[PDB]
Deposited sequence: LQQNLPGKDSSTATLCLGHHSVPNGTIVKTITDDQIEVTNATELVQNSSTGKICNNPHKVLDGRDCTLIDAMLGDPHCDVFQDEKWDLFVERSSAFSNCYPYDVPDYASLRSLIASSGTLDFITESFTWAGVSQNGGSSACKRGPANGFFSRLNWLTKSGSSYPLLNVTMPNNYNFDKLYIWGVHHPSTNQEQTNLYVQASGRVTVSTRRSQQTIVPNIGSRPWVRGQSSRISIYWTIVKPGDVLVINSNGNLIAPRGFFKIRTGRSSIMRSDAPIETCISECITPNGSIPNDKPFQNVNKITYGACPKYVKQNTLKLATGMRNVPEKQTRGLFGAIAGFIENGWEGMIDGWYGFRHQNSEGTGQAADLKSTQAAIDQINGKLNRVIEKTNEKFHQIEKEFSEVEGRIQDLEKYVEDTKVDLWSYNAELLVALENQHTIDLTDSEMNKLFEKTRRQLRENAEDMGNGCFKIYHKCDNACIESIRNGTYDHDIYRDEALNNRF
């Protein structure tokens, strides 16, 4: 007689995963699906990262004297440090919109235009904004005051004869007293009107004392205007006008701005976070919900294990609640007890089928990467109300939905992996049973008892699939009965 047993491998150390029907199940192999660490540095490749050391984007746009190294710059990502400061006092109504559009433009290209201001004096300065040892001002703005003892009505025009949009930055000066207002501007109540063929803005200055900032009790408000090709710009002013010196060329692209204190190093990475660059070889990440580039999706979980092997079962006997830790050639194989001696082999068909069905399984459902460049703000330092609440709500909803998606996907994939491995083992056992028609009996433990003399060539023929039952039919029948 002879014995033939079928089984599967085992490893000394398994990994616990979670499926649809099991809280904890041990498998031979698993992989991590969530990235939860960073090196703390920002790669300067392949994206173009511009470090604004002590300057904000608005300050560099306006022309702060200590921000003059940023003139005519361009970037893919602008990094704003927490140690930035202003050294020139002003306020911007709707600051966030201007900051966002300047960041999304991706450039600081400024073209000077020849404005004519007749009857007034130009190039005013203050001691609060020093350009060297002398008084200065913003380099992209012009402070106009009275000439002699008169301040006439200003009325200038400039058409857009190009084929791209223009961006104009202008301002209004708010004095602190009526005496100062009349001293700088002869009229007791100024007025600034800037309009195009389709839009208009009129600002009336406000007079009143304010806290001293670098020695000044007055302020300046900043406004902007966009002129389409074929349109025209008209500026009408009675006083308190901070005239523009030109226009900014505005483009459309994939630029943005980020707040971070991580240093920038010479390295390559496609994903940038405020914590630093992270690899994008995993479908999910847990570092930061603020990202730039090709980045994994953000989830609330810190670990998600995906099974890449069959069950780990501790240990002649077959595969019925028994693993073979002595198998290193393949996933499934045969063991036989013969007159010549015991032997072991491996089956390549089932092993390769399982490997093919396992490899690349996650790519069939979830896409590889998503490239997002400019998005909404997700951290705030001041309380505002309605819009901030809406933004926070949207971000929270997105995060919760994606976390649920990740959890369900991982559970389903683990369940299907376990099912396919079990099906492969059972199919191999059933094929082996079907090949031996009447010459063998099932021993009850995944093994077969062959009732005729089956030598090594016989076992090899059984394993190959070229076994003939008619050769040993009568001998097996005589032995069985």
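Mapping the modelled residues onto the deposited sequence reveals missing stretches at 1 to 11, 100, 328 to 336.
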